[PDB]
Q: 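Encoded as structure tokens, here's the structure I'll be asking about.
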Amino acid sequence: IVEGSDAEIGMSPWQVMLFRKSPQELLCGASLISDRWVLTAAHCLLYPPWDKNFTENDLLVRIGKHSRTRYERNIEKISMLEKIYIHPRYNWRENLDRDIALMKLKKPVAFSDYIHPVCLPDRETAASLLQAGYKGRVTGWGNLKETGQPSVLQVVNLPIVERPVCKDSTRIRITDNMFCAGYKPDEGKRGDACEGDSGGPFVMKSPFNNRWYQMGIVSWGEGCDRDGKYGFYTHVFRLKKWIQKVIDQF
Amino acid sequence: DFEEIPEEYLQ
Amino acid sequence: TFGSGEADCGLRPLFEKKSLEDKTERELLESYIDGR
Ligand SMILES: NC(=[NH2+])c1ccc2[nH]c(-c3ccccc3O)nc2c1
Ligand SMILES: [Ca+2]
Ligand code: NA
Ligand SMILES: [Zn+2]
């Protein structure tokens, strides 16, 4: 996260860390949506151009963290994966369209003041909150600059941008399964997700029922916090039918 | 820079 | 099941559940043109 602040303890209890076993390193961010399901971005697991193809056995999921490099004894939980499901139409060949994946944990995690699931939005919430100008929040232990890394979880609140502007900022083809967020050069506010943050959540807080809903997944961006560019996120609600399906089928 | 974690989570 | 999630989703034990606000959520609620 670039130009973000340190999160508070228990601010994002659904934030997850995808860690690799060998080498031991931070792979991506992810979110806890049920006591047995984690949601992340498919390009964190599969991206053939760079020979990335991880399997259950190569990842660990760490939940309840604040510190990036420390094993927070008696606070965080480490789960193993049972299964990884990538969206059948994830487009890694062109624009990372449908960059979403679900991971089933080996065993359920118990909630605590530090571990708690995020809600997934329903058509009505999507409709009333996914409007350009409204702000969302992104969290992660990603880079602090394009070209270092933070000791704790960082947070930044960004507004959603009108789709025309998003399309007019890149050469890449935007589909209806993506949305972009960030500030315009002419706003005097900065912020963006960056490398290391992919897979984590973009959430909004409903003013009707006070719950936090995850509207997007950090997907891609060109550089980090560059002026004129924006960050793109997977549109969770448009892919929700796929989510429901694998969770009530597996 | 990551601190080690309990061997039991590698297996 | 989903729709919302585990029934209990979106409320944080250290904030909502205790009626405590984090320091920047107001920034969000204000961008929705007054969330109260
Ligand atoms: N500027 C951004 N909004 C952004 C967000 C996520 C990213 N993830 C990455 C990334 C870069 C190299 C390898 C994997 C990644 O997820 N760059 C990213 C840039
Ligand atoms: Ca109300
Ligand atoms: Na920008
Ligand atoms: Zn609870």
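Below, read A as the first sequence line, B as the second, and so on, with proteins coming before strands; counting in each chain starts at 1. One-based numbering, in listed order, for ligands and for the atoms of each. The figures that follow rest on heavy atoms only: side chains count, while hydrogens, waters and symmetry mates do not.
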Q: Identify whether NZ of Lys or CZ of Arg in A/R98 sits under 6.0 Å from the centre of the six-membered ring of A/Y90 and within 45° of that ring's axis.
A: no
Q: Where does the angle between the aromatic ring planes of A/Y85 and A/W37 fall among parallel (under 30°), tilted (30 to 60°) and perpendicular (over 60°)?
A: tilted
Q: According to the interplanar angle, ranging from 0 to 90°, do the rings of A/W212 and A/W14 count as parallel (below 30°), tilted (30 to 60°) or perpendicular (above 60°)?
A: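 A/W212 and A/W14: tilted rings.
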Q: Is C/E30 salt-bridged to C/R36, going by a charged N under 4.0 Å from an acidic O?
A: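 No, no charged N to carboxylate O under 4.0 Å.
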Q: Near the Na ion (ligand 3), which protein N/O/S atoms are found at less than 3.0 Å?
A: A/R226 O, A/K229 O
Q: At a cut-off of 3.0 Å, list the protein N/O/S atoms near the Ca ion (ligand 2), residue plus atom name.
A: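 Counting only protein N, O or S atoms under 3.0 Å from the Ca ion (ligand 2), the list reads A/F208 O.
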Q: Looking only at N, O or S atoms, find the one in C/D8 nearest to the Zn ion (ligand 4) and name it.
A: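 Of the nitrogen, oxygen and sulfur atoms in C/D8, the Zn ion (ligand 4) lies nearest to OD2.
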Q: With a 6.0 Å cut-off on ring centres, are B/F2 and A/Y71 close enough?
A: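 Centroid distance B/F2-A/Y71: not below 6.0 Å, so no.
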Q: Is the shortest side-chain N to carboxylate O distance from A/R163 to A/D168 below 4.0 Å?
A: no
Q: Over 60° means perpendicular and under 30° means parallel, so tell me whether A/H235 and A/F237 are parallel, tilted or perpendicular.
A: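 The arrangement is tilted - the two ring planes meet at 30° to 60°.
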Q: Can you name the nearest heavy-atom pair linking A/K184 to A/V161, along with the distance?
A: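 For A/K184 versus A/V161, the nearest heavy atoms are CE-CG1, 3.9 Å.
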Q: Indicate if the distance from the Zn ion (ligand 4) to the nearest N, O or S atom of C/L11 falls below 2.8 Å.
A: no
Q: I'd like to know if A/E82 pairs up with A/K106 as an ion pair, taking the criterion as any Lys NZ or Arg NE/NH1/NH2 lying under 4.0 Å from an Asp or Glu carboxylate oxygen.
A: no
Q: Quick check for you: with the Zn ion (ligand 4) as the vertex, what angle do NZ of C/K17 and NE2 of A/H116 span, to 10°?
A: 100°
Q: To the nearest 0.5 angstrom, please state how far the CZ atom of A/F179 sits from the OG1 atom of A/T234.
A: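 Those atoms lie 8.5 Å apart.
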Q: Below 4.0 angstrom, N of the basic side chain to O of the carboxylate: do A/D192 and A/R226 qualify?
A: no
